[PDB]
Amino acid sequence: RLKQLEXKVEXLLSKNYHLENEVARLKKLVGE
Amino acid sequence: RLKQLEXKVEXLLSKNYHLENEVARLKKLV
């Protein structure tokens, strides 16, 4: 159960970083 | 320790949905 929870934290972190990269990208589109 | 990991998954998810909503608002503007 621990390992699964640890793997879920790492998957969610990864998705959050991708979503933050997508927000920064669209903020640049707005600024253009 | 399990409870701390469960709290961390719940905080990451909550954050993920804030970022998804923000991505959708920006996509609509753009």
# chains A, B, ... in the order shown; residues from 1 in each chain; ligands from 1
call {"tool": "residues_around", "arguments": {"residues": "segment 17-22 of chain A", "least_positions_apart": "6", "cutoff": "12 Å", "atoms": "only C-alpha atoms", "output": "ChimeraX atom specification"}}
result
/A:10-11,28-29 /B:12-13,15-24,26-27
call {"tool": "interface_residues", "arguments": {"of": "chain A", "to": "chain B", "cutoff": "8 Å", "atoms": "only C-alpha atoms", "output": "ChimeraX atom specification"}}
result
/A:1-2,5-6,8-9,12-13,15-16,19-20,22-23,26-27,29-30
call {"tool": "write_last_selection", "arguments": {"atoms": "N, CA, C and O atoms", "output": "mmCIF file, in the first residue's frame"}}
result
data_model
loop_
_atom_site.group_PDB
_atom_site.id
_atom_site.type_symbol
_atom_site.label_atom_id
_atom_site.label_comp_id
_atom_site.auth_asym_id
_atom_site.auth_seq_id
_atom_site.Cartn_x
_atom_site.Cartn_y
_atom_site.Cartn_z
ATOM 1 N N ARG A 1 0.827 -1.212 0.000
ATOM 2 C CA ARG A 1 0.000 0.000 0.000
ATOM 3 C C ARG A 1 0.855 1.252 0.000
ATOM 4 O O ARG A 1 0.505 2.212 -0.657
ATOM 5 N N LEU A 2 1.966 1.226 0.729
ATOM 6 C CA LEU A 2 2.900 2.363 0.794
ATOM 7 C C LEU A 2 3.439 2.715 -0.561
ATOM 8 O O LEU A 2 3.417 3.888 -0.976
ATOM 9 N N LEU A 5 0.862 4.316 -2.886
ATOM 10 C CA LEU A 5 0.671 5.693 -2.481
ATOM 11 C C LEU A 5 1.865 6.551 -2.896
ATOM 12 O O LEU A 5 1.685 7.687 -3.291
ATOM 13 N N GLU A 6 3.080 6.018 -2.789
ATOM 14 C CA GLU A 6 4.250 6.762 -3.223
ATOM 15 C C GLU A 6 4.250 6.966 -4.722
ATOM 16 O O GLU A 6 4.600 8.045 -5.172
ATOM 17 N N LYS A 8 1.560 7.039 -6.634
ATOM 18 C CA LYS A 8 0.484 7.960 -6.929
ATOM 19 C C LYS A 8 0.901 9.406 -6.689
ATOM 20 O O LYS A 8 0.582 10.257 -7.488
ATOM 21 N N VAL A 9 1.608 9.684 -5.593
ATOM 22 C CA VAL A 9 2.218 11.020 -5.372
ATOM 23 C C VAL A 9 3.151 11.416 -6.531
ATOM 24 O O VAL A 9 3.098 12.531 -7.015
ATOM 25 N N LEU A 12 0.988 12.150 -9.750
ATOM 26 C CA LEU A 12 0.306 13.435 -9.595
ATOM 27 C C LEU A 12 1.243 14.620 -9.648
ATOM 28 O O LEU A 12 0.884 15.666 -10.196
ATOM 29 N N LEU A 13 2.446 14.485 -9.089
ATOM 30 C CA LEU A 13 3.447 15.579 -9.172
ATOM 31 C C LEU A 13 3.813 15.874 -10.613
ATOM 32 O O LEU A 13 3.894 17.043 -11.031
ATOM 33 N N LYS A 15 2.105 15.144 -13.416
ATOM 34 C CA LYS A 15 0.951 15.820 -14.059
ATOM 35 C C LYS A 15 0.831 17.294 -13.636
ATOM 36 O O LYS A 15 0.540 18.144 -14.440
ATOM 37 N N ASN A 16 1.034 17.598 -12.361
ATOM 38 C CA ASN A 16 0.985 18.979 -11.932
ATOM 39 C C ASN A 16 2.072 19.806 -12.591
ATOM 40 O O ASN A 16 1.813 20.943 -12.997
ATOM 41 N N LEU A 19 1.002 20.498 -16.065
ATOM 42 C CA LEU A 19 -0.092 21.482 -16.099
ATOM 43 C C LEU A 19 0.403 22.900 -15.814
ATOM 44 O O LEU A 19 -0.110 23.837 -16.388
ATOM 45 N N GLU A 20 1.407 23.030 -14.953
ATOM 46 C CA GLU A 20 2.091 24.305 -14.735
ATOM 47 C C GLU A 20 2.890 24.778 -15.969
ATOM 48 O O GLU A 20 2.931 25.961 -16.252
ATOM 49 N N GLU A 22 1.947 24.000 -18.989
ATOM 50 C CA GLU A 22 0.842 24.407 -19.907
ATOM 51 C C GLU A 22 0.262 25.780 -19.543
ATOM 52 O O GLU A 22 0.017 26.583 -20.417
ATOM 53 N N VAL A 23 0.077 26.061 -18.258
ATOM 54 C CA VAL A 23 -0.357 27.402 -17.818
ATOM 55 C C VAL A 23 0.649 28.504 -18.233
ATOM 56 O O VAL A 23 0.266 29.557 -18.727
ATOM 57 N N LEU A 26 0.279 29.203 -21.988
ATOM 58 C CA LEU A 26 -0.919 29.932 -22.362
ATOM 59 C C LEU A 26 -0.824 31.368 -21.836
ATOM 60 O O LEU A 26 -1.377 32.294 -22.426
ATOM 61 N N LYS A 27 -0.118 31.573 -20.733
ATOM 62 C CA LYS A 27 0.074 32.947 -20.257
ATOM 63 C C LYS A 27 0.905 33.726 -21.257
ATOM 64 O O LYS A 27 0.646 34.897 -21.461
ATOM 65 N N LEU A 29 0.918 33.023 -24.576
ATOM 66 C CA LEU A 29 0.029 33.285 -25.682
ATOM 67 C C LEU A 29 -0.810 34.539 -25.395
ATOM 68 O O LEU A 29 -0.942 35.373 -26.273
ATOM 69 N N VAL A 30 -1.351 34.661 -24.176
ATOM 70 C CA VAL A 30 -2.138 35.840 -23.743
ATOM 71 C C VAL A 30 -1.316 37.117 -23.920
ATOM 72 O O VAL A 30 -1.779 38.074 -24.540
#
